[PDB]
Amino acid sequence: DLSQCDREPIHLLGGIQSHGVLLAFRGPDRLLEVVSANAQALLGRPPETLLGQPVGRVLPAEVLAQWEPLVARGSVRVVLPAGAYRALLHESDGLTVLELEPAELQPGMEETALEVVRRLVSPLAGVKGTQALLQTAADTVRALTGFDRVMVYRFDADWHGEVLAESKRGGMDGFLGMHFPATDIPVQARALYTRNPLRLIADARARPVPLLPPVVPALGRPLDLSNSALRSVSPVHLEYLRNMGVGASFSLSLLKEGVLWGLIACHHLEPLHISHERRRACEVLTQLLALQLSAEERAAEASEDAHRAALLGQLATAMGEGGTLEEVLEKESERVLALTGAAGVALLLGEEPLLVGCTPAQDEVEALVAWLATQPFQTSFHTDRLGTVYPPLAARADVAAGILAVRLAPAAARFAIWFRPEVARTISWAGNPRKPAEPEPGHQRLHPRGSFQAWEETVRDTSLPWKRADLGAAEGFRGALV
């Protein structure tokens, strides 16, 4: 339901955060086209007067002095009478956007940055699980930033999330282990955070600073702030932070292999600015964790295939030890079941269902089986909530919540089918998930939920999901039973 939450144009809200100043210039003269309403505090003149002027008549010589590395390298530290500032240049809507926010003052920031970086490479990580991997990343972002709480947030396949790891001050409330609606981060935001992987909300109570004029005159809409570091966020989201007790918020996108794996979310009870130089040091940590997780995941899946393939080879040696169909399956029952991590297996080598292990009754097999041939799957069909797909068996989640069947013949319907029983899982949603928002009457005004306390839910009638190794093992068993 592409609803109110997904429709807000969070890049065209036309305001910025108060700790910074934004200028935008057009054309060969670099004439001031747009300017934030608070620019007097740095430029010494009312912003209204500066509109339309050449850039040499607007910026101080300090900033203009560093224009070329600004343009080349994208950012420079300038020292102005007001103090040390970071200047950030990008292009948006055919304008040259210039943003100025307070520079990093801690001289040894990069030295400490390099030290935590060492902690996230080390010899080997994940040494007691990729769990210890996330906990290090959480602890190092928190060491580097000073945020009262830091959490590693992963997306599920339906874009809801759970906090997997957490590093926070003593006496802080936590969120470790809970799940959050997919609508807490709607579709257009995930889209943006796939492009722009950083965001600081320095003070969740502050007023947003408007831009002048409110529309880019040639465009008829406000300036696109997709890449702005000062961009003020959805007012819906500010209300969510305050409903949470949060005063400052800083988050970074974990992009694993081009996709949006999750987030590193940081909370501070009080307003808190983090310099751009230091936000970029944190970005290095998140790219490093994304690298550590790919290499451990790929190593785990290799070890998985190695175990399955040893099983397959032990099955081959068995069959190659005497003309003996239904009996070697009987004699190698665990290996046929562990092939795909199953609890039973129906083998339709044609005649009668040969039922091994923990299986439904014979009739129920054939009925499941008749129904299977009429499906548009090539060599294999798999599911974890069978009963959703076939309620003739919805009451047998004791033995067949999930199934994995490979077609043993092209035409005709010989099958091997592995069965899995349900595993009940309790999950703690952070708030009642049936009511994730609060609409006013008329439904044109949405609000975040008011509560986040654990709202608990047990899931039934779904099995453990069929992993990639289970599928590959199934393909191989089919390879040797033809």
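Each form is matched to the other, and the largest set of C-alpha atoms that superpose within 1.5 Å is called the rigid core. Quick note: we count residues from 1 along the sequence shown, nothing fancier.
Farther on average from this form in 7 other deposited structures of this protein lies stretch 404-412, the comparison being between 404-412 and 267-275 by RMS Cα distance after core superposition. Farther on average from this form in 7 other deposited structures of this protein lies stretch 121-129, the comparison being between 178-186 and 121-129 by RMS Cα distance after core superposition. Per-stretch averaging of Cα B factors for 182-190 and 375-383 places 375-383 on top.
The question of which stretch, 433-441 or 29-37, has the higher mean Cα B factor is settled in favour of 433-441. Among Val389, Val216, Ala265, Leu404, the highest C-alpha B-factor in the deposited entry belongs to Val389. Listed residues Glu101, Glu110, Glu296, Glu366 were ranked by CA B-factor as deposited; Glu366 comes out on top. Among all modelled residues in its chain, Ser18 ranks in the lowest third by Cα B-factor. Ranked against the other modelled residues of its chain, the C-alpha B-factor of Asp93 as given in the entry falls in the lowest third. Per the deposited record, the Cα B-factor of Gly245 falls in the lowest third when ranked against the other modelled residues of its chain. In the PDB entry, a CA B factor belonging to the lowest third of its chain's modelled residues is recorded for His276. Compared with the other modelled residues of the chain, the Cα B-factor recorded for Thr136 ranks in the middle third.
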